[PDB]
Each structure stands twice: as C-alpha cells, then as structure tokens.
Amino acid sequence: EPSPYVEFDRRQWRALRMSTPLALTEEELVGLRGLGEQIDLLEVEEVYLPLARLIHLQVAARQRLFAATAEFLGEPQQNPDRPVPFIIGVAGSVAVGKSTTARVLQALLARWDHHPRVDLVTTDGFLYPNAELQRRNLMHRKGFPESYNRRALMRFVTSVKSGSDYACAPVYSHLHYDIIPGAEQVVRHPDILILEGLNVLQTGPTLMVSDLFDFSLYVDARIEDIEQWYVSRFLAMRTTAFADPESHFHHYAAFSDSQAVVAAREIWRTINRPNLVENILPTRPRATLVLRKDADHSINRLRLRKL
C-alpha cells in the first residue's frame, strides 16, 4: 500500500549527507545543547547534515513556487536580496529537545556559503502574561493552545513572510516564568525563519502559522521516555536554574530527589502529558520530517513526508 511517507534508520539517512560540510566544532555544538541533551558531532553528521541538505534543495525549489504567483500577477520580479523568507517549524513535547534541534539547525543553515540571515523564534514569548493567564484561569494550562496570543503569533509570522523590513515578538523569561515587560525580539527580513514551539504544527478554523511553514520538523520520542527526561531534568535544575534566588521555582531547589520526583510527575501528569496527547501528538502526521529519538536521546529513525 502506497504512503505519503518514507522512513529511514540512521544508516539509510546518513548516506544522504553526501558532501554537505560540517562547519561546526564540538565546542560550538556544546553551547547549543540544552541540559540533558546528548547531541554530539557524529549525530550532527549522520542526521543534521542530510537534513541541512534537503532543506537547501527545497529553499531554491520553494521559491520557483512564489515566483510563479508573482509572474502570474504580472509583478516586478526578484530583488534576489529580499526573496520570500523560508519558514521552518519545529514542534514537539516539552523536554524533547526542540530547542537543541532548532539552535543546531540555525547554526548549520547560517553557516552555509550564502551566509543567510537565519533567525530563530520560540512561541514562548507569545504566551499571555501570567496576570492575563490568571484572568482567564489558565495558569495551569500554560502550553495549551489557548494560553498563547495566537492572533499576535500569526500576525508576526505573516509579517515576516510577507516581506516586512522588521517584526517584533514579545520575550519570555524562563527565570521569572513570565513575559518580560518591554522586552522585544526584532526580526529583520531574514532569509530563513525558524519558529520553535509545542503547538506550531496545529491547524484550525482560521488560517494559522502551520499554514505558512515551507518545511517542518517534529522531534519525537516515547512518551514514557519524555516524562523521564522531564523528571530527570527537573531534579537536575535544582542546582542550575532553580538554584537562583530570583527563580520563580527557587523553592524546588531544596526538595529531595524523592520529593522533586513527586513534584515533577504531578506537573507532567496534570499539564505536559495531557497537552502532548491532546494537542501536540495529533499534529505529528503533518510534519515534513519526524525525528524519532530513543530513550538515550539519540535520533535513529526518521519519517519523511514526500507527499
């Protein structure tokens, strides 16, 4: 039976790397991975390099596509130095490694000879402020579709892909657990934009951001494995993030392995798991490429969307 997909194991996937060059040191790579992520240069070669290639083969191809509409409408032509921004989306559960994958990807893509302006934006900054969240009674739904100002989010990406000179996005603080007053991230007509978020790939009664993606990634892994990464990281943060007195979570630093595990699991059980099951996972089918990571965080399976 025919399928819209094609799957590989790392062995099959790596052979598609070809000549793509590795332009990242093992040290640069470090400042790119988040706590708990195992990414090393090898994985960047057998997995991220082919991927970088695929994306580059499509950037050109995807443009012939907008050219047509421009030609059809009988408009000016190029401005080879201001084409239509290539939008890439990275989706996946909390603690699955999206940020690592997105930062690495941005590092690889920016380090290509064109030296493209590759901007990265997370939907974090599009959550509603805690005050506003409390108003709607959503302080325990942070991450669910309704906890984001999607109108703003959509306005943003649309602006960037429609060729605006610059666009602004609010900024979220993981330290204070809230939106930073007056903080803004300005994006100036990038060549490529990477939007990272749990709910980037979702669809709805209104034109959404997933409808503006030219390529998409879904970082996947077993649910019990992700809970594990989540709990584990929670305990680990007792001495890194939580250790800071300014942290909205400083009280967890004192917890014992045992209590921390109990706490980490309750949050996972009442917030992140339900959201992953009800909102995130149902979007996985639409991702151009799904990266299957096993229990050790290693990506060794991939599902590509050819149709």
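Residues carry their position along the shown sequence, with the first being 1. Heads up, when I say rigid core I mean the largest set of C-alphas that superpose within 1.5 Å between the two forms.
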item: Outlying stretch relative to shown form, 153-161 versus 70-78 in 9 other deposited structures of this protein, C-alpha RMS (core); value: 70-78
item: 131-139 versus 72-80 - which carries the larger mean C-alpha B factor in the record; value: 72-80
item: Between 106-114 and 201-209 (mean CA B-factor, as deposited), the higher; value: 106-114
item: Candidate residues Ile180, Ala167, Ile226, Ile194, the one whose C-alpha B factor the record puts highest; value: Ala167
item: Entry-reported Cα temperature factor of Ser298, expressed as the chain third it lands in; value: middle
item: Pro282 - which third its CA temperature factor falls in, relative to the rest of the chain; value: middle
item: Chain third (lowest, middle, highest) by recorded CA B-factor, residue given as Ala253; value: lowest
item: For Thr240, the third of its chain into which the C-alpha B factor falls; value: lowest
item: Chain-relative CA temperature factor third for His176; value: middle
